[PDB]
């Protein structure tokens, strides 16, 4: 459907949260751009990348890694925007309380996760897999060192929390924002979890648009679209509803050069 602007997103959180966020976003874009806009859910991160490649998704909220993947598979696509926090994003390592493991203060303390049952997020997650594995590796910890010589891949940050909180795994890593989100707001999900370590900063989430939108939507559509997103204003009611769902005060400009470190780490870990 070429007259419909199709919004996608990596499924980094439970679908109820995604539905609310992306449906509201899509409605606001629709009003401001005067085109039909539909949020199209996907089953996993790979599906977001593939949907974008096959031009079944036009505008997608990607993670660092998956956005890089998408843009490598889909030449001449456009980096649109990010949040302030996405310039200085962090992961957390969390542990189940039943371990009585205490927090650490130097990356080398990740050695204490050896011989535990460990879960990452999505195989293609920046904050729940790539960066955690990078830092584990810096500390001499490899996946083979976990219980079973393997790690879990939960597929989402909410799913990681649930797995470690239930005791299906001993420890995991996830999006720091999502963690703090749950700690404060929905603490029944984090009942059995303690903070183990906070990572250094890296770049993460961003919006990516197809590069050929002008042919469907007219001259200047992309600039207008970019403008809509960047001009969302917390002082406005409907805008604030959206922005609060992204846990941000605004969107800001983002560019492709920013993701060089993610791309390089992705190559090193054979995750491109």
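How much of the DSSP beta bridge set in the chain is antiparallel, as a percent to the nearest 5? Please report the intermediate quantities before stating the final value.
Details: 20 of 31 bridges.
Counting only bridges with both partners in the chain, antiparallel ones make up about 65 percent.
The residues 56, 86, 34, when put in order of fewest to most other Cβ atoms within 10 Å, stand as 34, 56, 86.
Give me the base-10 log of I(q)/I(0) for the range 207-257 at each q in 0.20, 0.22, 0.24, 0.31 Å⁻¹, Debye formula, one uniform scatterer per Cα, rounded to two decimals. Log10 I(q)/I(0), no solvent term: -0.77, -0.86, -0.93, -1.13. What angle do you read, to the nearest 10 degrees and between 0 and 90, between the alpha-carbon axis of helix 221-230 and the longest principal axis of the chain? Compared with the principal axis, the helix lies near 50 degrees. Working from the alpha-carbon coordinates of the range 166-242, get Rg over Rh, Rh being the Kirkwood radius. Ratio of gyration radius to Kirkwood radius for the range 166-242: 1.16. The alpha carbons of the range 1-84 stretch over 31, 28, 28 Å along the principal axes, in descending order. Mean sequence separation of contacting Cα pairs (under 8 Å, at least six apart), scaled by the length of the range 112-244, corresponds to a relative contact order of 22 percent. Report summary: the helix-based calculation at 222 nm, which adds -39500 (n - 2.57) for every DSSP H run with n ≥ 4 and divides by the residues of the chain, gives -10500 deg cm²/dmol. Computed over the range 90-202, the percent of Cα pairs more than 26 Å apart is 6. Give the angle, between 0 and 90 degrees and rounded to the nearest 10, that separates the Cα long axis of helix 15-33 from the longest principal axis of the Cα atoms of the chain. Orientation of helix 15-33: about 20 degrees from the principal axis.
Each distinct pair of alpha carbons in the chain adds a 1/r term; the inverse of their mean, the Kirkwood radius, is 19.1 Å.
Positions of Cβ are backbone-derived with ideal geometry, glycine not excepted, and every protein chain shown enters the neighbour counts. We did not get these values from a lab; they are worked out from the coordinates using the rules stated.
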